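Trainee: Just the first chains of my complex for now:
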Amino acid sequence: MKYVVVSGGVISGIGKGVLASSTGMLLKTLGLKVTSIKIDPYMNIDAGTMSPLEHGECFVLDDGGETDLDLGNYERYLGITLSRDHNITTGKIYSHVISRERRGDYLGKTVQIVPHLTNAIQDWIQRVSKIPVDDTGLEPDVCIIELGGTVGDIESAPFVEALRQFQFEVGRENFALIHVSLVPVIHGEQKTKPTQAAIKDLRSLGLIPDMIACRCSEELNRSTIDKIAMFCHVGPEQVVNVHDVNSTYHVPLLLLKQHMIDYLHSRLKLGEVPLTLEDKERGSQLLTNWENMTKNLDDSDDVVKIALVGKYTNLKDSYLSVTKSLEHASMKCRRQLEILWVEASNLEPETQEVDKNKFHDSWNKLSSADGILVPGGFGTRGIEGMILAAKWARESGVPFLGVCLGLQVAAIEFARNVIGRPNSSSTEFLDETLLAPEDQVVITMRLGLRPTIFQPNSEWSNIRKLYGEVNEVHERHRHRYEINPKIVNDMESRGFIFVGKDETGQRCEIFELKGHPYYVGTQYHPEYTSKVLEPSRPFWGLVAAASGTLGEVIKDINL
Amino acid sequence: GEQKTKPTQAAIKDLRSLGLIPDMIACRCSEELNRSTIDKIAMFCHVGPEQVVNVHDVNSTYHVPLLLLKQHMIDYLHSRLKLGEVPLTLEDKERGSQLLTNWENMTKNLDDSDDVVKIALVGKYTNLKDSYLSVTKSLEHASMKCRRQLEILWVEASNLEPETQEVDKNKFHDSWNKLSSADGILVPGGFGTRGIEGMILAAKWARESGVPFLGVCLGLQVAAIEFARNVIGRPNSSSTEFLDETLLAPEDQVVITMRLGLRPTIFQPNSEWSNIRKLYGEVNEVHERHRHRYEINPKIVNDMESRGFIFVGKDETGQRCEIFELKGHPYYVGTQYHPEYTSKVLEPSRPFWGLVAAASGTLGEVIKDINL
């Protein structure tokens, strides 16, 4: 087992998550089996309790774990499945040793942060890195650890102490440290004192960096490389840079151009790892596929515009799996994507009195779009604006996908306007008044990977053809509210077909509307099962439908 | 336990619906037909009682001709096709009846030979036993010529690989039990990258433990890769078929869009010593069926021929290797052609008659016989 810590810097926004995911995928090009662990200094047990306004969305695993967003970067670059154990936190590990001290496994000893908590962290990392995470039976060859927060924040102290010990409690040449660090530019001169201070803060904790990975708005000067490589122990080829490029898929090839594998191939002795003839082929094949999708982003120009309608769209981190799911679906179509970020509340007619500027801009953006997405996220702000987007998309025949809350919004819209029930509404917020036209109801969560069964007549639907006309689908759920199953037959008779349901019925999971080119919704989040070469099927439907060629996509999928 | 007839009554109607009228009905069943099962079909269909044939689920497919002859099936076609009106010469009737006596003998030998030779067949998808039917029949012809019963041990080549010992430790130990058990080893061909290190491990085991080995098509290239990795000590030498995205210099295979059908192999001039050239009667040339796009790198051939892995035969042009035999092993051989396809019941495929004699012992007496 090899370990690669990706760590620290001078700021919390530095973009470690891209570099960790990219470093792991580059190791996967050698054919190595790879896994990864995110460490969070926060005291929350999970990202589930904490609101999307901080650290972006929670990400859902097959376990039903509501983990930190960074686990999604690993799953979509590395192709692996992660467990709720792969997101370590301060909350998890203090809860673990405190529950263990009350149970008494420490034999009446005094329990202390060193050695007992730092040995508990090292036991967690040793257990969790040996969980098999590919579909194959094998234990991973390499583990990427991403150390969240910044080095020398008091929040991090047990993890920087544990990782010092770990560099010896596992062999050297089985452990290596990448430090990620800020190189700000002032008056056009590339200033280095922030990264020199961060390299000292690592040495103060006994962590010694094997590569320094600069984050900068420029190519590093050869003087900027030398002034760091002379201050730190790293050689000139071990001062990595990652530029402020928009395409995060280019980062693996920007690291490969900087010869970063050729250092880790020595520094971790990756030639001593045994590999089969299948492994080297499936490794090199994966690199050629990534050269092709990045070539397609360099030379595809013909924009498809998708409008994304939701709360707090200024927090673009709040929708990162949607963004990445749309980008995978646009690459599969060989088309460039624009996302138009529509703050759903500004669509509402009250905005035309309160701030007439925001009203006209938000309705410009929505009218402009070749297809529409309503992305999910609980909370009562802007839902009539999201209902207005679903209405516009139904009436103007514009491709629509509704994910989680977006499906319920389309059901409420179709009830208010096509069934003509003018006060039909979500149970989430009006039930203090005990309303009879319930569109949502409660059914304390439904979470993680679940089976959807396609209902027997559904063979016609564009969405069931996108799932290869298979009878069942596996996707990740997260909801407490679902469509009222008393009203379902009214919608299924008026043409809004609930194409798929849970095994028990009375719990709707996919709809497609008869008489529209692509108007679809899902109760699950299709984003989380997206992979770079195999996009999320409902999103491959939406981004093909917006472009045209949805028939040719379905004809392809029938091979 | 009751022999149900409605499926065959429906199939006889489906023939009449197309205007095809059956002259014999040939039942396939797990039993002898009851005389009631014959009558209930012969009363429904136009066929007489002697025109309801049965063929039983016997293992020996060579017994079927004599099970049809016991059911008097020739004596119907001799009338129904008027085969007495066909003119035949005195040579024809002799070479006809002689052929029947030879078939009575080989079937008698399968009834009364008991002393098993075990051959391990190492390959992809061995659960699909139809995937290797000419290998199976070539081994059975070679075992009958030796007057010995055959077991084939079906080794899924991937399960030999050390990753299996982590993934499913049961399949690892069983596949290595089967390979260790065998009196001789065959690597059968078939393109595709699954299990090739497992096939390399079988070639290694057979070279080192001195156990008879035959490599057919991919099996020859696997033995060349094995001998390169382990006896020449080139640790990353490999097939061009799958690593060439990385442009590797130690090419064991190369491309040379197919080479197909019957072709001449010429034995290279020094090759008179080899058990394989003695099995081909010490004739200078051999005719066998090819099927490949990849062949041994002819730049590396002199290294193998100096280290003792002699490419005993090549194409007329050279630079295209077709038979090897290794100096210093009782029978370690490979072919680029498929020797299976030229096997016949009375005249088995020579490389396979070599393998199944070598496993049994008596390879010298086989070669002494062939010299007559």
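Mentor: Right, received. Where do you want to start? Residues are numbered from 1 along each chain as shown, chains lettered A, B, ... in the order given.

Trainee: Tell me how far the closest residue to residue A:138 other than its chain neighbours lies from residue A:140.
Mentor: Distance criterion CB to CB, 6 or more residues apart in numbering or on different chains; nearest residue to residue A:138, sequence neighbours excluded, is residue A:33 at 5.2 Å. Where C-beta positions appear, they are placed from N, C-alpha and C, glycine not excepted. In this view, residue A:33 and residue A:140 are 5 Å apart by CB to CB, to the nearest Å.

Trainee: Give the residues shared as contacts by those two.
Mentor: Contact criterion CB atoms under 8 Å, 6 or more residues apart in numbering or on different chains; residues shared by residue A:33 and residue A:140: A:133, A:134.

Trainee: backbone phi and psi for the residue nearest to residue A:138, please?
Mentor: Recorded main-chain torsions at residue A:33 are phi -80, psi 130, according to degrees, to the nearest 10.

Trainee: Contact partners for it?
Mentor: Neighbours of residue A:33 in contact, by CB under 8 Å, 6+ apart: A:133, A:134, A:136, A:138, A:139, A:140, A:141, A:142.

Trainee: ok, now residue A:127?
Mentor: Here residue A:127 is in contact with residue A:85 (CB under 8 Å, 6+ apart).

Trainee: now, which of the contacts of residue A:33 lie within helices?
Mentor: Of these, none are assigned to helices by DSSP state H.

Trainee: what kind of secondary structure is the residue nearest the centre of chain A in?
Mentor: Nearest to the geometric centre of chain A sits residue A:72, at 3.4 Å (CA atoms, centre = their mean). Here residue A:72 is recorded as helix under DSSP: H, G, I helix; E, B strand; the rest coil.

Trainee: Append chain C to the structure above:
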Amino acid sequence: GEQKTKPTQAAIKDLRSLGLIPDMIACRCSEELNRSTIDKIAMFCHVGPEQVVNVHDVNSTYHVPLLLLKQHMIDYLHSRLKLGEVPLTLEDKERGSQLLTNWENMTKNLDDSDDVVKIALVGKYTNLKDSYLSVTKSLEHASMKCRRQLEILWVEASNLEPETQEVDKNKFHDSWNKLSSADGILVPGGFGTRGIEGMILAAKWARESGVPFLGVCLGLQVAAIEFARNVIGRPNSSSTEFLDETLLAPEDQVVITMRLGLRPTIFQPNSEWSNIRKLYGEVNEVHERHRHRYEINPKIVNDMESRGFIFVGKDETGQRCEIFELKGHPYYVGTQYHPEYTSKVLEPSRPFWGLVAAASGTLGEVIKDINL
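Mentor: Once chain C is put in with the chains from before, the structure reads:
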């Protein structure tokens, strides 16, 4: 089927003839004694019916204490030796009764554990199963600590050697079946030149197939010779014990007139990573019993330690290697000492608890436990 008593009546007379008078008669028989068999002995001898003990031919020798306790044998000696007159403290009675409950548990675990781990033991004269009794008992203690049943597969090391495939082909195939079958491998020690290439072949197989290996005394030197012959590629490197009439330069063993009894091993400074040093609780030193005249050539040690065969522990003086673990294998270990002799029923020998956990899986959970 009748339980004959005249041999024991004659043995009871032979005791009286020397003036020795038996207080209990302990029968050894293939059955429960009949109550007539007890009475016919208790009437001939001075012993009462409860002083005619039996011990049955059960396989589990750990059941014998509870079979004697069921026959109330303590309740006789508690009178006949007046053991109530011996003074005992309150700690003594607790540590006494605690020990009985621990033995009830390990015997309960042998009654209800079913999930076999197979260890192959490779050596000279394995038909003499008494020749390896501390190995056998050390493996049984290590399997009980894992809550798993043990099979030992007794592989006569010489039969693995390729000369056996000519001399007696039956013994060749059976010995290689047994070795291929096993979840882990032990090379047990014992001087003498018979079968050592067969033991080298078992060490090779275990290294290459990634199968757990423990080499004890000669078994460590065999693994060093194997790693030298095949991974360093020194084809004639060998034991000084038997070739030194030819004065060979590639010495793997050398003489260093014995080293005997309990000695200290010091773990070398970098060794914290090793499964074997974790099994010894990450303590800096180990106390174990030595018996050898030959040891690893300390001139060649840095070559092995650079190629990944780490001599994890040495004598206080250095130049005398005592534990190795190989980088890049789940559990490939050897010891110069005999770890068997320090095994105890509740506290198994650490290298053997490593081997029998490694074969089963759960070696991490064993090491996590030992860290408490």
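
Trainee: With chain C now part of the structure, what is the answer for the contacts of residue A:127?
Mentor: Per CB under 8 Å, 6+ apart, neighbours of residue A:127: A:85, C:364.

Trainee: The residue nearest to the centre of chain A contacts residue A:58, doesn't it?
Mentor: No - applying CB atoms under 8 Å as the test, residue A:72 and residue A:58 come out as separate, 9.7 Å apart.

Trainee: doesn't residue A:42 make contact with residue A:91?
Mentor: Yes - contact criterion CB under 8 Å: residue A:91 and residue A:42 qualify, at 6.8 Å.

Trainee: before we move on, back to that, ok, for the residue nearest to the centre of chain A, nearest residue in space, not its chain neighbours?
Mentor: In space, residue A:72 is closest to residue A:59, 4.2 Å off (CB to CB, 6+ apart).

Trainee: in the sheet, who's paired with residue A:500?
Mentor: Taking DSSP bridges, one obtains residue A:454, residue A:510 as the residues bridged to residue A:500.

Trainee: Relative to chain C, how far out is it?
Mentor: Taking CB to the nearest CB, to the nearest Å as the measure, residue A:500 falls 40 Å from chain C.

Trainee: Burial check on that residue, number of neighbours?
Mentor: 27 (other CB atoms under 10 Å in any protein chain shown).

Trainee: The residue nearest to residue A:72: what's it in contact with?
Mentor: A:47, A:66, A:67, A:68, A:69, A:70, A:71, A:72, A:321, A:528.

Trainee: For chain A, which residue gets nearest to chain B?
Mentor: Across chain A, the shortest distance to chain B (CB to the nearest CB) belongs to residue A:137, at 3.1 Å.

Trainee: Run a quick neighbour tally on that residue.
Mentor: 11.

Trainee: one more, chain D:
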Amino acid sequence: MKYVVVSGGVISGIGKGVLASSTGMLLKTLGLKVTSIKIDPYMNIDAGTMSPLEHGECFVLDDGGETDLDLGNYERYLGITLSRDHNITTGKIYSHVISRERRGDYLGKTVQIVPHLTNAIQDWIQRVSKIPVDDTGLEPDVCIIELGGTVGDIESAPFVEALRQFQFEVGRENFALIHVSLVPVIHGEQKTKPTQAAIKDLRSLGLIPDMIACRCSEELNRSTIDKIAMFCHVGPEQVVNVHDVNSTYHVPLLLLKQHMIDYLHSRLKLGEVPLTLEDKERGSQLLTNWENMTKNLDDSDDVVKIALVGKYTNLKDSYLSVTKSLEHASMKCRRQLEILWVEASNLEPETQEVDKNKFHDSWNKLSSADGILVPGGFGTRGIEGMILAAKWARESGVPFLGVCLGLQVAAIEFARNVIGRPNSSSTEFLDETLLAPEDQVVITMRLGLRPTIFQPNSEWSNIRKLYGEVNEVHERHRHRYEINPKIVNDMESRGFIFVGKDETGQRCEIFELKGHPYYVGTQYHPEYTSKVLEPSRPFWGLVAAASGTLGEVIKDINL
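Mentor: Alright, chain D goes in next:
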């Protein structure tokens, strides 16, 4: 009224009768009132004329109808009473329309197979399914129709044509089709072309299957399900399998595990049928009782052996109600049953010359048994062998039950050997010689449900205690011969007490012998009144007596 046709396949031996009975009982677990109809393509009016060597025994209804054996499967799984009208045949319905055309109800029209015979079949099914068949007053909610023979046999043509019309002459969602079909396995691969051809033969007649029920020696592969569900209109959950398990009582729970109710609950809209609070309780209670008796067959091991002595025992279908009556009686005792099939003729001393092997085996089997049954069935073969079994059972004190001919055989045995009348015999076959020691006499049949009155002194008998010490019993008769009532007082004085008789006397119906643990006979067939939870009392006596605990059984029955 709902209809469920169970139909067809590729072969006549396929086991529709178990699947029809099991499907009906599963519908009864919902609390629905259920009924069923067997259709036979044969030209016999009844199974009474036709010999037991074909289609097994005739089954007797309360009407005295000698119906097809399959009606017994329905009565014993569903708990219902069937009338002679519930077995439809070609003979019945052509006799009906031909007698109706000669009477002239068709008003001088030309009468044709379509529409007149197919409308007569549809009128029969509509009349007969509305006959009340539970003990309660209600008309059935659901009817199971079992279509006998195979589809596209010319024998079946009027019934496959009638059932096409019936799918419309009754509403869809009030009719559904189960097709039962053969999935043979060759070289371990599950071949599907026979069932694809049978699904085409249904479509050729316009019958469209709602479920395909495979009969196979294996679990279906998921590929075997998909390759059928892709060829036919049925969804993956509508490809049912029934495995070659020995316990036919497990089939209801194997269908329930395959979620077959959850399809029919939609496809027949069984939630629209009104049900009372008693109905749902007595429905769910019935399911728990069936879970218990099947659990008892999984975990009862302590075998009771019963020897069954009769003609043609190689035809095990000839004794199916005996077999099922013994299995109900062994389950009530919580004991596993072996039946030992003794061909009665092989017991006879002539066999020891003719084939000495068959002699020794048949006497081994009879000597081995914990109890003995002589099962009935007319015909002169083997009767001295059956007399020898009755002798052995009387003399060795081994439990004996004689049913119909088996009672007369025990009377002949007791006369030949205990009264010592060496030539006393059946009137059935010697009366060409006009013998005075008549044991049987003729008394043209006595058929159907009749009253037995217990004779006044009979309170002591194990058999009258098994009938709860009630004064009268209701059971199904079928005989032309009975005990000579002139000789009855000789037997009643020598200890062979005729415990019960017909209301008129001179017609004996139950005997029990004084001075044996359980030696009993019946003139009626007790098999036909057996039910899964309430076994036939004479058989519950026999199988308790063989096991021991006959006193505790009688003590229980006194509650």
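
Trainee: Repeat for the contacts of residue A:127, accounting for chain D.
Mentor: Residue A:127 neighbours (CB under 8 Å, 6+ apart): A:85, C:364.

Trainee: quick one on the thing from earlier: return the distance of the residue nearest to the centre of chain A relative to chain D.
Mentor: Taken as CB to the nearest CB, the span from residue A:72 to chain D is 31 Å.

Trainee: My guess is that residue contacts residue A:321. True?
Mentor: Yes - at 5.5 Å, residue A:72 counts as touching residue A:321 under the criterion of CB under 8 Å.

Trainee: need the contact list for the closest residue to residue A:392 other than its chain neighbours.
Mentor: Leaving aside its chain neighbours, residue A:392 sits nearest to residue A:366 (6.4 Å; criterion: CB to CB, 6+ apart). Listed by CB under 8 Å, 6+ apart, the contact set of residue A:366 reads A:307, A:309, A:340, A:342, A:347, A:372, A:389, A:392.

Trainee: Would you reformat those residues as JSON lines and include neighbour count?
Mentor: Shown next, in JSON lines, are those (neighbours: other CB atoms under 10 Å in any protein chain shown):
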{"residue": "A:307", "neighbour count": "25"}
{"residue": "A:309", "neighbour count": "32"}
{"residue": "A:340", "neighbour count": "20"}
{"residue": "A:342", "neighbour count": "28"}
{"residue": "A:347", "neighbour count": "24"}
{"residue": "A:372", "neighbour count": "28"}
{"residue": "A:389", "neighbour count": "32"}
{"residue": "A:392", "neighbour count": "20"}
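
Trainee: and those residues, which two are the farthest apart?
Mentor: Farthest pair in the contacts of residue A:366 (CB to CB) is A:340 and A:392. Separation: 13.3 Å.
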